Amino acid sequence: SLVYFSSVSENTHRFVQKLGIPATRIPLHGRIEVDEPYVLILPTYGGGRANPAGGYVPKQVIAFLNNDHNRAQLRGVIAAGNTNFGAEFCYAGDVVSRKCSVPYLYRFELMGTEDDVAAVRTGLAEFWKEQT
């Protein structure tokens, strides 16, 4: 399964839609819990502080991952962002990957190109086949 977060601009939401894999969204308001394991897809958001903790992870994601039941079933993280942010490029995946035991699977920019959708589909399929 896939768990993704996207802000009001929904660049990440539209990428998960192009993926075609069924996935559940971390709501902009409120908390949720997941049952089946999942991979996390989130964008990166610096906040004037910059310098890559330090954040970069949406607060809704922090709440979702602060859930012990939700964090336990996390398997991997894919971060979105934009290379024009220098060292902060997709650093949210670095934060989630480092602050947990999960690996850093992929990075892409904004809605992702056609190559990103094909890359995440095949990579995520071979990843799930590995867990076994």
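When you see a residue number, it is the position in the sequence shown, counting from 1.
Engineer: If the chain runs straight from residue 52 to residue 53, say none; otherwise bin the unmodelled deposited residues as 1 to 3, 4 to 9, or 10 or more.
Structural biologist: Gap between residue 52 and residue 53: 1 to 3 residues without coordinates.
Engineer: Could you check the entry and say whether 64-72 or 41-49 has the higher mean CA B-factor?
Structural biologist: Result: 64-72.
Engineer: State which stretch shows the higher mean Cα B factor in the entry: 94-102 or 75-83.
Structural biologist: Looking at the record's C-alpha B-factors, the answer is 94-102.
Engineer: Between 122, 11, 17, 113, let me know which has the highest C-alpha B-factor in the entry?
Structural biologist: Comparing C-alpha B-factors across 122, 11, 17, 113, the top value belongs to 122.
Engineer: Comparing against every modelled residue in the chain, figure out the third that the C-alpha B-factor of residue 58 lands in (lowest, middle or highest).
Structural biologist: CA B-factor rank for residue 58: lowest third.
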